[PDB]
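Examining the three-dimensional arrangement
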Amino acid sequence: XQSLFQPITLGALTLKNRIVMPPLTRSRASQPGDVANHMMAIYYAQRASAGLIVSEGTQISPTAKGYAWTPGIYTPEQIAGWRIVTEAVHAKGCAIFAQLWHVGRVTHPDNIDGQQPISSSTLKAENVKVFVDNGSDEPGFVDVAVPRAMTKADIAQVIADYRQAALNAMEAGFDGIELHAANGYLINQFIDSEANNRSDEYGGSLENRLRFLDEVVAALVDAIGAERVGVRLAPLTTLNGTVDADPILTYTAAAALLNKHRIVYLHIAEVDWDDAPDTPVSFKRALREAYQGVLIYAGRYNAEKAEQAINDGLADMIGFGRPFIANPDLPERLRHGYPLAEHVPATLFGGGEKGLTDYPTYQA
Ligand SMILES: Cc1cc2nc3c(=O)[nH]c(=O)nc-3n(C[C@H](O)[C@H](O)[C@H](O)COP(=O)(O)O)c2cc1C
Ligand SMILES: CCCCCCCCO[C@@H]1O[C@H](CO)[C@@H](O)[C@H](O)[C@H]1O
């Protein structure tokens, strides 16, 4: 754990250690309005011994939402709710980035004001569910809907929404933003060949499939500066329905594209739930050459594997998702080898403080 507990520079920030709390949707936002709130501020502040917190995905617009009760980042009230979170986290000595979210086709009309979802194409995500508010207090799991293909004007609108969301994140006191371009969501629906059947400049070729990513990143950087922009990618997981035919080429190219933009970090989502594909070390080393900023990995890491990934030169920082839900003091536990509590799946999403802020710190 020695390297894990070394500080690191992230742009203008000096971070305390190499541990990341990655984005974790908890579906706790206040209703009406999808507003980040008090229990969320406590929850994040409890976990501020991380070197970096990345917020749960926060939708950039009404039609960017995939799941019931996720917090937005587009209304004044939403910005203010996030400000209480960032104030709480900063009072603990910690950096926090907002994960800007557009789910594309991974949604249901019930979550997007009755609208049809949008995507690169008209392809439904196969074997994917989201959840909606069915009036009860538990999430209602539902099949996703068939999307409509984005027009040029839709592309411009979504870019504008991302750009503004980045400014809104700065107004909310975040230290930066993370673009969610992973786990089968909108940008990923353009990147991955089998999800993109466009015949315009946003599909077919590799250059074309990376174009939407390129243009979104350019707008984010123009708005808030490259030192405040991270990006999340999922080269090899396919759980939410996006498959690429040549992911080593596509994602090495994506990494090099992002390197050109000088984004402050690249975050690889190596596992999504139970989807834990073989991610060859040779490929990780290629990503390390293609992108020369801070490289973050998350997915089924423990203390041993995290330390090894850093010492092998594969990663600079490591995120721990599920363990951070149940262990607010995860860094201390990893450092000492204290046993980790396990999380309760039934309280991941929705509800209140139970299963959110009532996981204790370690006590022998
Ligand atoms: C409850 C839960 C919610 C999640 N929601 C998001 C999210 O909002 N954005 C995201 O990029 N990943 C999300 N993820 C994925 C995690 O960031 C992480 O990559 C994944 O859980 C693998 O890491 P782990 O094995 O350490 O949990 C979520 C994971 C969990 C368990
Ligand atoms: C009862 C708890 C059910 C846990 C099973 C999780 C259902 C899907 O969970 C979803 O996973 C996505 C990544 O695939 C995330 O981006 C979303 O934030 C999350 O809501």
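Going by the structure above, here's the rest.
Quick summary incoming for the structure in this document. (Residues numbered from 1 in each chain as written, not as in the entry; some residues may be left out. Chains lettered and ligands numbered in written order. Heavy atoms only, no water. Residues with missing side-chain atoms left out of burial classes, pairs and counts.)

1. Quick look at helix 3 (residues 152-171)
Counted at 1.5 Å a residue, the expected span for helix 3 with its 20 residues is 28 Å, and the 29 Å between its end C-alpha atoms agrees. Listed as buried for helix 3 are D154, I155, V158, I159, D161, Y162, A165, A166, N168, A169 and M170. Among the residues trailing helix 3, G173 stands out with phi positive, at a value near 85°. (Helix = DSSP H or I, 4+ residues; strand = E, 2+ residues; numbered from the N terminus. Expected span 1.5 Å × (residues − 1). Buried < 20%, exposed > 50% of the residue type's maximum accessible area, 1.4 Å probe, protein only.)

2. Quick look at the pattern of salt bridges
By the definition in use, this model includes 12 salt bridges. Between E87 and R83 there is a salt bridge; the shortest N-O distance is 2.8 Å. You can see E87 and its partner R83 sitting in helix 2 (residues 76-91), 4 residues apart, about one turn around the helix. For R83, a relative accessible area of 41% translates into the label partly exposed. Through salt bridges with shared partners, a single network forms among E201, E207 and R211. (Salt bridge = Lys/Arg side-chain N within 4 Å of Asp/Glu carboxyl O.)

3. Quick look at the packing of helix 1 (residues 38-46) against helix 2
Contact geometry for helix 1 and helix 2: axes closest at 8 Å, N-to-C directions at 25°. One element, helix 1, and the other, helix 2, form an angle in the roughly parallel class. Note on packing geometry: the crossing formed by helix 1 with helix 2 is right-handed. Here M40, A41, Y44 and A45 of helix 1 come into contact with helix 2, specifically with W82, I84, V85, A88 and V89. Split by residue class, the contact of helix 1 with helix 2 holds 9 nonpolar, no polar and no charged. (Axes fitted to C-alpha atoms, helices over the stretch in contact; angles between N-to-C directions. Parallel < 35°, antiparallel > 145°, perpendicular 65-115°, else oblique. Left-handed = near helix turned anticlockwise from the far one by under 90°. Contact = heavy atoms within 4.5 Å. Nonpolar A, V, L, I, M, F, W, Y, C, P; charged D, E, K, R; others polar.)

4. Topic: the site of ligand 2
With respect to spatial proximity, the complete set of residues near ligand 2 consists of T25, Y67, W101, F131, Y185, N240, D272, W273, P345 and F349. The separation between an oxygen atom of ligand 2 and a polar side-chain atom of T25 is 2.7 Å. Protein contact buries 75% of the 520 Å² of open area that ligand 2 shows by itself. At a threshold of 2 Å from the grid points, most atoms of ligand 2 map onto the largest pocket. Considered class by class, the residues forming the shell around ligand 2 number 7 nonpolar, 2 polar and 1 charged. (Near = heavy atom within 4 Å. Polar contact = N/O pair within 3.5 Å; in protein donor to acceptor, adjacent residues only side chain to side chain. Areas by Shrake-Rupley, 256 points an atom, 1.4 Å probe, with all protein chains shown as cover. 1 Å grid on protein atoms, 1.4 Å probe; cavity = no way out; pocket = protein on both sides within 12 Å on 5 of 7 lines; lining within 4 Å. Sits in = over half its atoms within 2 Å of the grid points.)

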